[PDB]
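I have placed the structure first, in the form of structure tokens, so that the comments after it can refer back to it.
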Amino acid sequence: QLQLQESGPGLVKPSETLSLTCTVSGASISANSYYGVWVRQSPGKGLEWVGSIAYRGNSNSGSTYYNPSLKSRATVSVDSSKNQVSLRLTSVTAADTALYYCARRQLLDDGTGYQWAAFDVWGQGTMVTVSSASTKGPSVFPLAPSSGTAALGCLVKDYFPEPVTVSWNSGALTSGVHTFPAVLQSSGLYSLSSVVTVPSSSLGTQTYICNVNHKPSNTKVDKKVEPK
Amino acid sequence: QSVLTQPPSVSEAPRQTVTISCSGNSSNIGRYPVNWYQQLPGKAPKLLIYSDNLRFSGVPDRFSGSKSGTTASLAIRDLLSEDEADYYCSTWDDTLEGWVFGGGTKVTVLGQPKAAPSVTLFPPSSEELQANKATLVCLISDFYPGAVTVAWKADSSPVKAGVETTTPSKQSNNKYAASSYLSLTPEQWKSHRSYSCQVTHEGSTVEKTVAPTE
Amino acid sequence: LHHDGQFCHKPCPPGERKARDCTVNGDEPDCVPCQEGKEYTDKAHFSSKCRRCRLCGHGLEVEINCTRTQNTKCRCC
Ligand SMILES: *[C@@H]1O[C@H](CO[C@@H]2O[C@@H](C)[C@@H](O)[C@@H](O)[C@@H]2O)[C@@H](O[C@@H]2O[C@H](CO)[C@@H](O)[C@H](O)[C@H]2NC(C)=O)[C@H](O)[C@H]1NC(C)=O
């Protein structure tokens, strides 16, 4: 009944050192031997093995082994009094932003006297964001319709933190509106767009205004969007 | 990309069968057994198949795995809705000498017909250019399954630097939306005849193109 | 502590085995080949032992000699 739980600072600044811990319960890692690993997952992306420790409680020591792509920035260690495994990662950048999982490597039997390694128990993972972004209001730009229907919108660029809200004509225009979730750039700044599809004919007659509100920066912008 | 190649998306109707390939070479799958992990939405990975073809603890019979040559395969028969998840193959690579993972495969259990994305590409606004910046905005909506690949081109050359692309997010109609941004300087924007956003969905690529001189 | 490879970080490919038990503090052993015609491993693993080749007599005879990666196949019950 082994269980694992990661914990970390949630946020870290570029160049700083990231420290994480993995608490083991339901068994002692120092009772005989424990092989632990860290594996991370950038949001929306796949899994990458970070490194390993093969630990022996007897001599209170372990040997480590790391993914070479980490360029020796990662170190893994054990604190047996706390039944804990740790990850330390130096000189972080945006590339190190990810969910970080700890897991156990177990040699599993195939029923013929043979064994193969797999990560048979995983933690729930802890999210880590590498950012030095501070509060910042967005720049709002009009996205003019293309020279039956036409799409127009507003670009809401480079803001922090979430969230931003958008409406059109103060909430009078609702159908055909599509406000997209924000992208989070490597700068640590977010951007999003809102687009509305209207009849091409309405372009001359009708007025179109997007209302952007970013509370955390205390900025609020109403942008009129015109053909070009 | 990963040294192990998996399709980003496979799908079928409930009760049908899907097969997920995971291909490599002699340095990895050719010499070493393959493990598969299932990652349910919002959850951590869990061990599903190990040592090529063995079901891990409590895993139901409709999951199976096998390996041949340098390809490992995960089959899911009698698909249930709850099988909608990301699946990752995993093995040792003895050239890199480390554990490697495939890029992952999203399995969608189709609850409605497939739908091609609607793509809209906006060039930089004259306002933004005056602020000495230039953002190209590629908006992608109403697609299903919710998986796309986005690539940008300057003229006909690939562009990677300055590109940011969201993960697909579910719309209220249960189709999906995504966006991609190419952030350039005004000078870079004017250096090419055109820029294109290319969107691949279920093996088919459409493209939208904008030009500075227009 | 044992031959199973609980302290080995790296596996050995078919036809091979760890030269000796991995220890928590020694350099990880290299992989060495099974004894051709006597022992074999048909699958990658982390241990320092190969498998013994099969035998055949009991109404059975050899059909293909054991190789470093493939057990001896027998034949006629
Ligand atoms: C084993 O495969 C990898 C690359 O994976 C891919 O699949 C291969 C089978 C092949 O189709 C490639 O086109 C694919 O990229 C090889 O690793 C790459 O090696 C090159 C040069 O040596 C290196 O620059 C790349 O970064 C590696 N790719 C990755 C993704 O790491 C490897 O060379 C192949 N091995 C053999 C022995 O052929």
Breaking point among (1) small (G, A, S); (2) under 18 Å from A:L11 (Cα atoms); (3) surrounded by fewer than 14 Cβ atoms within 10 Å (Cβ to Cβ), for A:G113: (2)
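For region B:148-214, which fully contained strands (runs of 3 or more DSSP E) count at least 1 residues that are over 16 Å from B:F122 (Cα atoms)? Give the derivation first.
Working: elements: B:149-154, B:157-159, B:163-165, B:176-184, B:195-201, B:204-210.
Counting at least 1 such residues, we get B:149-154, B:157-159, B:176-184, B:195-201, B:204-210.
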Which strands (runs of 3 or more DSSP E) does region A:88-196 wholly contain that include 1 or more residues that are among the hydroxyl-bearing types (S, T, Y)? A:98-109, A:126-130, A:139-143, A:149-159, A:165-168, A:177-179
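Can you find a residue that is more than 32 Å from the chain's Cα centre (by Cα) and within 22 Å of A:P145 (Cα to Cα) anywhere in region A:214-223?
Initially, region A:214-223 is screened for residues more than 32 Å from the chain's Cα centre (by Cα), giving none.
Taking every residue of region A:214-223 in turn, none turns out to be more than 32 Å from the chain's Cα centre (by Cα) and within 22 Å of A:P145 (Cα to Cα).
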When restricted to B:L121, B:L139, B:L110, the only residue away from the ligand (no atom under 15 Å from the Cβ) and more than 10 Å from chain A (Cβ to nearest Cβ) is B:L110
Somewhere in region A:38-57, is a residue more than 14 Å from chain B (Cβ to nearest Cβ) and outside any strand (DSSP E or B)? yes
With the checklist (1) touching a strand residue (DSSP E or B) at 6+ places or on another chain (Cβ under 7 Å); (2) surrounded by fewer than 19 Cβ atoms within 10 Å (Cβ to Cβ); (3) under 30 Å from A:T97 (Cα atoms) in hand, flag the one item A:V177 doesn't pass. (3)
Of the residues in region B:196-212, those that are surrounded by fewer than 17 Cβ atoms within 10 Å (Cβ to Cβ) and either among the aromatic types (F, W, Y) or more than 19 Å from A:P145 (Cβ to Cβ) (or both) number 6
Give the number of residues within region B:53-92 that are farther than 18 Å from A:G46 by Cβ and not polar (S, T, N, Q). 20
Yes/no for C:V24 being more than 14 Å from chain A (Cβ to nearest Cβ) and within 30 Å of A:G57 (Cα to Cα): no
Which one is surrounded by the most Cβ atoms within 10 Å (Cβ to Cβ), of the residues in region A:9-37 that are more than 11 Å from chain B (Cβ to nearest Cβ), hydrophobic (A, V, I, L, M, F, W, C) and assigned to a strand (DSSP E or B)? A:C22
For B:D93, which of the numbered conditions (1) within 16 Å of the ligand (Cβ to nearest atom); (2) facing chain A (nearest Cβ under 9 Å) fails to hold? (2)
For A:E6, indicate whether it is in contact with a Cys (Cβ under 6 Å, 6 or more places away or on another chain), crowded, with 17+ Cβ neighbours inside 10 Å, in the same structural domain as A:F119 (by CATH) and not aromatic (F, W, Y). yes
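Step by step: first the residues of region B:1-50, then only those that are within 16 Å of the ligand (Cβ to nearest atom) and in a strand (DSSP E or B), then the one that is surrounded by the most Cβ atoms within 10 Å (Cβ to Cβ). Which residue is that?
Among those residues, the one meeting the criterion is B:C22.
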Where in region C:1-76 are there strands (runs of 3 or more DSSP E), lying wholly inside it, with at least 3 residues that are surrounded by 14 or more Cβ atoms within 10 Å (Cβ to Cβ)? C:16-18, C:31-33
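Basis: the model, the stated rules and, where named, an outside source; no laboratory instrument gave them. Heads up, the Cβs are rebuilt from the backbone with ideal geometry, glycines too, and the neighbour counts pull from every protein chain shown.
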